[PDB]
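See below for the structure under consideration.
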Amino acid sequence: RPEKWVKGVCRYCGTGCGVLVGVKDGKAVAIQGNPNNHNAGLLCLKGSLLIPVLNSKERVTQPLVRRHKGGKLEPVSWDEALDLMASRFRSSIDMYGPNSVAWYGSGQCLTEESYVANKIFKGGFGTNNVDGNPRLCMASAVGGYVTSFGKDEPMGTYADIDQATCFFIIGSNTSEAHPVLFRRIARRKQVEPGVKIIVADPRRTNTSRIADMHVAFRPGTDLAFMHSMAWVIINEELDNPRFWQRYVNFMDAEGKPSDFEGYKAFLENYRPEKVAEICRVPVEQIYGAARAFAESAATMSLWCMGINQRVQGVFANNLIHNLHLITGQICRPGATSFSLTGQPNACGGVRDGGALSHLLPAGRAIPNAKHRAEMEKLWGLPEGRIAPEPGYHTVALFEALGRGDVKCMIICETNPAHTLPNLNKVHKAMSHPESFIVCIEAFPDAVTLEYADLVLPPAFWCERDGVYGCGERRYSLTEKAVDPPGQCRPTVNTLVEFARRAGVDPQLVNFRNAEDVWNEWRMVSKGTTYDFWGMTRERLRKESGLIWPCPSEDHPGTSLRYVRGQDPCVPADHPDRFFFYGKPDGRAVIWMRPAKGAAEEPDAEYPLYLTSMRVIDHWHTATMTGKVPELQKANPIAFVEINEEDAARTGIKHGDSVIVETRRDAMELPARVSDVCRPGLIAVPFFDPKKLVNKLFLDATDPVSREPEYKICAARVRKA
Ligand SMILES: Nc1nc2c(c(=O)[nH]1)N[C@H]1C(S)=C(S)[C@@H](COP(=O)(O)OP(=O)(O)OC[C@H]3O[C@@H](n4cnc5c(=O)[nH]c(N)nc54)[C@H](O)[C@@H]3O)O[C@H]1N2
Ligand SMILES: Nc1nc2c(c(=O)[nH]1)N[C@H]1C(S)=C(S)[C@@H](COP(=O)(O)OP(=O)(O)OC[C@H]3O[C@@H](n4cnc5c(=O)[nH]c(N)nc54)[C@H](O)[C@@H]3O)O[C@H]1N2
Ligand code: SF4
Ligand SMILES: [Mo]
C-alpha cells in the first residue's frame with residue numbers, strides 16, 4: 001500500500017512506457033503504468049515486475065579496485081577511486097595525447113549522463129573517442145534517415161499506429177521486443193479488421209500470428225525483396241507521381257543524380273520471378289506485399305535489428321524509405337516510415353545528444369568546421385579545442401584498446417564483454433595488461449566487471465532523476481523515488497568530480513544536478529531542428545513526455561515532422577505542404593542501392609545461416625531481469641533453434657544437445673525444433689552468460705554506420 005506515486009519511465013525497451021512508482025515513504029512497494037503517457041497505463045510483464053529489481057540487494061554499493069591485472073576486486077574509498085581515475089586519465093593524456101582515452105557509454109544512460117561524458121571528452125580532454133552501444137543497434141537507422149531525409153529520427157510517432165491501415169513489419173519481433181506497441185498494432189487490426197499486416201522475417205515469431213502474410217525470406221535477401229516490391233508498385237501504376245515529382249530525388253547505384261526512368265531501369269534488375277528465387281519465397285508474396293503496401297489508405301513500416309544489424313544496414317533502411325517515397329505513404333496520419341529503437345535512451349541520450357564518435361550535440365557533425373565553432377562557442381572552449389577527426393567507433397575502439405592505442409577507458413551502463421560481436425577477439429582486447437578500465441555498473445554479475453580495474457557504484461534507475469528519450473521523439477522525465485543504497489552516487493555527479501579532479505576547466509562541468517545539465521542541453525539544442533528549449537523541467541515534471549521539436553513553453557510539441565502546419569521547423573509561409581529541410585532543395589531521396597548479401601555467407605563447409613535474437617522474458621544480459629524469479633520460468637537458459645525439415649533430413653531430434661560451430665568458436669546448446677527458423681537457418685538468444693553466443697558471431701560492420709552484422713554469419717551444426 002503506497003503513499004506516494006513517483007512518475008517516470010520503464011527501465012527497459014525503447015517503447016518507453018511511463019511508469020508510476022509507489023513508495024511507502026522510502027521504499028518502492030508497487031508499480032503501475034502512467035495513464036497519461038502513450039502506453040495508457042499498460043505495462044508488459046517486464047515493466048510490471050520492476051520493483052524486485054529496484055529492491056535487489058545484489059547491487060554494487062561501494063567503489064572497488066583491482067590493484068593488478070588478474071587480481072581480485074577489493075573495496076576502496078570514493079576519494080582514492082576518484083583520484084586514481086582522474087590521475088590515470090590525466091597521465092595518459094599528458095604523455096600520449098587525448099586519443100589514448102575513451103568513453104564507452106549507453107542508450108540506457110540518462111540523457112544528462114551522456115551529455116556530460118560527451119562534453120568532458122570532446123570539449124574537456126579534446127578527444128572524439130566517445131561512443132556507445134547504440135552503435136551496435138541504431139547506427140544503421142541514423143544513416144538511413146540522414147541519407148534519405150537529411151535528418152535523424154522517425155518523422156512520425158506511435159500514434160500513427162492508431163491510423164495505419166497497413167503495417168509492413170520487417171526485421172522486428174515486435175511482440176517479444178516491443179510488447180506494448182505490438183498490442184497497439186494488434187489493437188488496431190482488432191478495431192478495423194480490413195487492416196493488413198505483413199511480417200517479413202526469416203523466423204516465424206509471435207509477431208506473425210497477427211499477420212495477413214509472413215514473408216520468411218532467406219537471410220540477407222530483403223534488399224532484393226524490397227526493390228522487387230517497388231518494381232510491382234511502379235509496374236502496376238500504384239505509385240504516387242504527384243508526390244514524388246515534387247518531393248523526391250533519385251540517386252543511381254553510384255550515388256549520382258538520376259530520375260524516375262533511371263529508377264525504372266534499375267528496378268528491372270529486381271523482377272518478382274527472379275527475386276522470388278533469390279529470397280526463397282512464393283512470388284505471390286512480393287505482389288501481395290507490394291499491393292497491400294501501395295493500395296492501402298495508410299501504410300506504416302516498423303523495423304528493428306533484422307534491418308539494422310547488417311553490413312547493408314543503411315541500404316536496407318534506405319529501401320524501406322524508398323517505398324514510402326515512391327508511394328507518398330508519408331507525412332499523413334497512419335503513413336510513415338518508422339524505425340523502432342531498441343533501448344530506452346538511444347534516441348535522447350546518444351543519437352540526439354551526439355554522443356557517438358563522429359557526432360556533436362543536436363544534429364551537428366565532427367567533420368563540419370562550422371559545427372565545431374558552433375559548439376566551441378556554446379560550450380566556451382578555445383578555438384580548435386574540438387578535434388576535427390572522428391574518434392573511434394565502437395568496434396575500432398575496442399581494437400584500439402587491444403593494440404594499446406587506447407589506454408584508459410570508461411564503460412558505463414553497458415556489458416560489452418557479453419554483448420560485443422566476436423567475443424574472443426574482444427576479450428583479448430580487454431585483457432591488454434597495461435590498460436585501465438573503469439566500469440560504472442550497478443549489478444555485480446555483469447561479466448565485464450571481470451575485466452575492470454576500477455568499479456564505481458552508481459544510483460540505479462529511479463534512485464536519481466533524469467530524462468529518457470524513446471523511439472517516437474518523446475522526452476520523458478523520471479523523478480527520484482528512493483535514495484540509492486550503500487555508497488551509490490548519480491553518475492552525473494561522479495562525472496563532474498572526475499572531470500574537476502582530472503584537471504578539466506570547472507566552467508565546463510558547472511552542474512550540481514541532472515537539472516542543471518538539462519538546461520544547458522536545452523540551450524545547445526535551441527535553433528537546431530532538434531530544438532526542445534520548450535521542455536523545461538517544470539513541464540517535464542507535470543507532463544508525461546513531450547515530443548520534439550518543442551521550442552517554447554507554449555508549444556505543444558510535434559507529431560508530424562516535415563509537414564507545414566505541424567512541424568515548426570517548416571515555415572508557415574512555405575510554398576509546399578511538405579518540406580524535407582535536411583536536404584538543400586527540400587526533397588527526400590530514393591537511393592538505388594544494389595542488393596548484396598551478408599559479409600559471411602554460408603558454403604559447402606559452413607552451410608547454415610546463424611542469427612541471434614531477443615526473447616520476451618529476458619533483457620539483454622540478464623543482470624536485471626535475472627533478479628526476477630518469474631522471468632526465468634519459461635526460458636531459463638540458452639537454446640539453439642533449428643528448422644523441422646532441416647532437423648529430420650539431417651537426423652536431429654528435439655531436445656538433443658548440439659554443437660553450433662563457426663569459424664571463430666564452437667558451443668554446445670539444447671536444440672529447440674519448430675517451424676520458427678525457415679530451412680537453412682538456426683538462431684541463438686544472448687541473455688545467458690554461461691553461453692556467450694557472441695563468441696560464434698563475426699564482426700563485420702556496415703561501412704557507413706559501422707553497426708555489426710550480428711543478425712547474419714555462417715555456421716554448422718552437429719549432434720553432440
Ligand atoms: N524482451 C526484450 N525486449 C527488448 C530487448 C531485450 O533484450 N529483451 N532489447 C531491446 C533492444 S536494445 C532492441 S535493439 C530491440 C531489438 O528488437 P528486435 O530487433 O525486434 O528483436 P531481435 O530478435 O533482435 O530482432 C531480430 C528479428 O530480425 C530477424 N532477422 C534475422 N535475419 C534477418 C534478415 O536478414 N532480414 C530481416 N529483415 N530480418 C532478419 C530475426 O529473425 C528476428 O526475429 O528490442 C528491445 N526490446
Ligand atoms: N549476438 C548479439 N549480440 C547483441 C545484439 C544481438 O542482437 N545479437 N544486440 C545488440 C544491441 S541492439 C544492443 S542495444 C546491445 C545491448 O548490450 P548491453 O548494453 O551490453 O546489455 P545490457 O544488459 O543492457 O547492459 C546494461 C548494463 O548496465 C547495468 N546497469 C543497470 N543500471 C545501471 C545504472 O544506473 N548505472 C550503471 N552504471 N549501470 C547500470 C546493468 O547491470 C547491465 O550490466 O547488445 C547488442 N548485442
Ligand atoms: S513494452 Fe518496453 S517500455 Fe513498455 S513496459 Fe514492456 S519493457 Fe517496459
Ligand atoms: Mo539495441
Side-chain angles (χ1 to χ4, degrees), residues 144 148 166 168-171 196 198-202 211-241 243-245 248-296 299 301 303 306-307 310-329 337 589-598 601-602 609 678-681 712:
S148 286
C166 181
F168 172 70
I169 297 165
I170 179 163
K196 303 168 173 89
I198 310 304
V199 170
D201 180 337
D212 296 270
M213 179 198 282
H214 171 232
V215 187
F217 36 45
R218 163 165 74 92
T221 67
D222 47 13
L223 281 76
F225 191 94
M226 285 184 292
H227 277 320
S228 211
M229 286 170 67
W231 183 92
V232 174
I233 291 160
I234 301 299
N235 182 80
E236 310 184 357
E237 283 166 336
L238 298 166
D239 65 298
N240 197 337
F243 183 80
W244 66 256
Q245 287 174 324
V248 159
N249 288 333
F250 291 92
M251 297 292 112
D252 58 17
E254 296 102 74
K256 297 305 196 304
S258 180
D259 50 18
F260 184 63
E261 310 301 328
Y263 193 44
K264 290 223 267 188
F266 174 83
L267 288 175
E268 277 303 299
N269 232 29
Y270 297 95
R271 295 200 144 250
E273 292 68 27
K274 169 201 161 140
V275 158
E277 57 88 32
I278 289 172
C279 291
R280 315 281 132 83
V281 303
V283 200
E284 316 90 74
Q285 290 196 325
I286 306 183
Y287 292 102
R291 297 188 187 131
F293 191 104
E295 288 164 19
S296 292
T299 298
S301 317
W303 65 94
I307 292 292
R310 303 266 306 275
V311 310
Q312 292 207 294
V314 170
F315 280 9
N317 270 256
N318 288 149
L319 264 51
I320 302 146
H321 304 308
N322 288 349
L323 305 160
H324 286 273
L325 298 174
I326 206 61
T327 58
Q329 291 272 33
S337 202
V589 182
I590 281 169
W591 286 90
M592 291 172 41
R593 310 302 201 182
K596 303 218 165 299
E601 285 281 326
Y609 281 108
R678 69 150 289 114
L681 174 68
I712 328 181

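Along the sequence shown, the residues carry numbers beginning at 1.
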**OP:** Quick one: list whatever passes ring-ring contact (aromatic ring centres under 6.0 Å, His included) with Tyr609, sequence neighbours left out.
**Re:**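 If we apply the ring-ring contact (aromatic ring centres under 6.0 Å, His included) test to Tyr609, skipping adjacent residues, there are no hits.
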Original post:
For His321, what residues pass the ring-ring contact (aromatic ring centres under 6.0 Å, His included) criterion, not counting sequence neighbours?
Top reply: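 In terms of ring-ring contact (aromatic ring centres under 6.0 Å, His included), with neighbours along the sequence ignored, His321 is linked to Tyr145, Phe149, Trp303.
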Subject >> Donor-acceptor contact present, side-chain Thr299 to main-chain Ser296, <3.5 Å >> reply: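 Between the backbone of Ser296 and the side chain of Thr299 there is no qualifying donor-acceptor contact (under 3.5 Å).
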Original post:
Do any pairs count as a side-chain hydrogen bond (donor to acceptor under 3.5 Å, both in side chains) and have a residue in residues 276-289, sequence neighbours left out, and if so which ones?
Top reply: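 side-chain hydrogen bond (donor to acceptor under 3.5 Å, both in side chains) check on residues 276-289 returns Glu273-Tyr287.
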Original post:
What pairs of residues pass the side-chain hydrogen bond (donor to acceptor under 3.5 Å, both in side chains) test when at least one of them lies in residues 256-268, not counting sequence neighbours?
Top reply: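 Counting only pairs at least two positions apart or across chains, the side-chain hydrogen bond (donor to acceptor under 3.5 Å, both in side chains) contacts touching residues 256-268 are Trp231-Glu268, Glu268-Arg271.
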Nearest 0.5 Å please: distance from the [atom1] atom of [X] over to the [atom2] atom of [Y].
| X | Y | atom1 | atom2 | value |
| --- | --- | --- | --- | --- |
| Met229 | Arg291 | CE | CZ | 12.0 Å |
| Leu223 | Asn317 | CG | CG | 10.0 Å |
| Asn322 | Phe250 | CG | CZ | 9.0 Å |

Any idea which heavy atoms bring [X] and [Y] closest together, and the distance?
| X | Y | result |
| --- | --- | --- |
| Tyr270 | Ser228 | O-OG, 2.7 Å |
| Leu238 | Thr327 | O-CG2, 4.3 Å |
| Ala598 | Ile712 | CB-CG2, 3.6 Å |
| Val232 | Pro272 | CG2-CG, 3.8 Å |
| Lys196 | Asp212 | CA-OD2, 3.2 Å |
| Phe225 | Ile286 | CE1-CG1, 3.5 Å |

**OP:** Under the side chain to side chain contact (heavy atoms under 4.5 Å, CB included) rule, collect the residues that match up with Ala265, sequence neighbours excluded.
**Re:**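 Per chain and number, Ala265 pairs via side chain to side chain contact (heavy atoms under 4.5 Å, CB included) with no residue.
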Original post:
What pairs with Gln245 under side chain to side chain contact (heavy atoms under 4.5 Å, CB included), at least two apart in sequence or on another chain?
Top reply: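 If we apply the side chain to side chain contact (heavy atoms under 4.5 Å, CB included) test to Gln245, skipping adjacent residues, the hits are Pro241, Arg242.
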[X] vs [Y] side-chain heavy atoms within contact, under 4.5 Å:
| X | Y | answer |
| --- | --- | --- |
| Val589 | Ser148 | no |
| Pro257 | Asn249 | no |
| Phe315 | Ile307 | no |

Original post:
Are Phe168 and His324 close enough that their ring centres sit under 6.0 Å apart?
Top reply: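 Centroid distance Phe168-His324: not below 6.0 Å, so no.
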Original post:
Knowing that exactly one of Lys596, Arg310, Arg593 qualifies, which makes a salt bridge (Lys or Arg N to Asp or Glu O under 4.0 Å) with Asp222?
Top reply: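 Of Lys596, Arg310, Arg593, salt bridge (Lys or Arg N to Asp or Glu O under 4.0 Å) with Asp222 is met by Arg310 alone.
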